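The data below hold one chain only, encoded as structure tokens and taken in the form deposited in one PDB entry.
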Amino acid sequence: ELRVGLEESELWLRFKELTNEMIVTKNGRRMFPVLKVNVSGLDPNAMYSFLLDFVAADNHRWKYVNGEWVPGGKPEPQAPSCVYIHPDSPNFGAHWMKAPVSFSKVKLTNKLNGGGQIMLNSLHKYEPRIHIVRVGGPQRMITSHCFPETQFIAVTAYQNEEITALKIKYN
């Protein structure tokens, strides 16, 4: 059985219990913490690409009001985010299972941009998601996994100083 697990969930849960925020810039900002995934149960000899996208967790705009995050009243449909290909893709099952798959080079932006960067809506809440795509073989297959622990609101600057402090303490 293909098992997908979150590396350093202890640290993510510190961020989650304060409401995590991720900076987005015109040029794109790398994530901290970085999404690292533990993968077992692949065919060491089969070929796979690892894909990362961000699901809008709800249809609302959020705002930091009197030291607390609160959803707007006026939901709108949120089109799904573009997908980021892990730069080691495509690769053998063995490659992916020998160490945590680290999405350290993904950059989050608020502007439609050349390429690489993933555009998110500022003040929307996001749930990171990966797709493991078996490629090259005859039988294409996809396995998807969500990481609730890694939820965040996309912000152009930190609102909760407790988050600012955690980001620095653990970088």
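All residue numbers are counted from 1 along the displayed sequence. Rigid core (definition): largest C-alpha set, two forms, superposition within 1.5 Å. Shifts are known only where both forms have a C-alpha.
- Higher mean CA B-factor, judged across 90-98 and 73-81 from the recorded values: 73-81.
- In this entry, the higher average B-factor at the C-alpha atoms falls on 62-70, of the pair 62-70 and 49-57.
- For the set 36, 140, 124, 129, the maximum C-alpha B-factor listed in the entry falls on 140.
- For residue 19, the recorded CA temperature factor ranks within the lowest third of the chain's modelled residues.
- Among the modelled residues of its chain, residue 11 has a C-alpha B-factor that falls in the highest third, as given in the PDB entry.
- In this PDB entry, the Cα temperature factor of residue 104 sits in the bottom third of its chain's modelled residues, the lowest group.
- When the modelled residues of the chain are ordered by their C-alpha B factor, residue 25 lands in the highest third.
- Split the chain's modelled residues into thirds by C-alpha temperature factor. Residue 2 is in the highest one.
Beyond what is shown, the protein has a form deposited in another entry; the following relates to that form.
- The Cα position of residue 87 differs by less than 2 Å between this form and the one not shown after fitting on the rigid core.
- Once the rigid core is used as the reference frame, the Cα position of residue 74 differs between this form and the one not shown by 2 Å or more.
- Core-superposed comparison between this form and the one not shown: the CA of residue 44 stays below a 2 Å shift.
- Relative to the displayed conformation, the Cα-Cα distance from residue 29 to residue 76 shrinks by 3 Å or more in the other entry.
- Note: the CA-CA distance for residue 79 and residue 121 contracts in the other entry relative to this form, by 3 angstroms or more.
- Residue ranges 73-81, 135-140 are the runs of 3 or more whose C-alphas all shift by 2 angstroms or more between this form and the one not shown once the rigid core is superposed.
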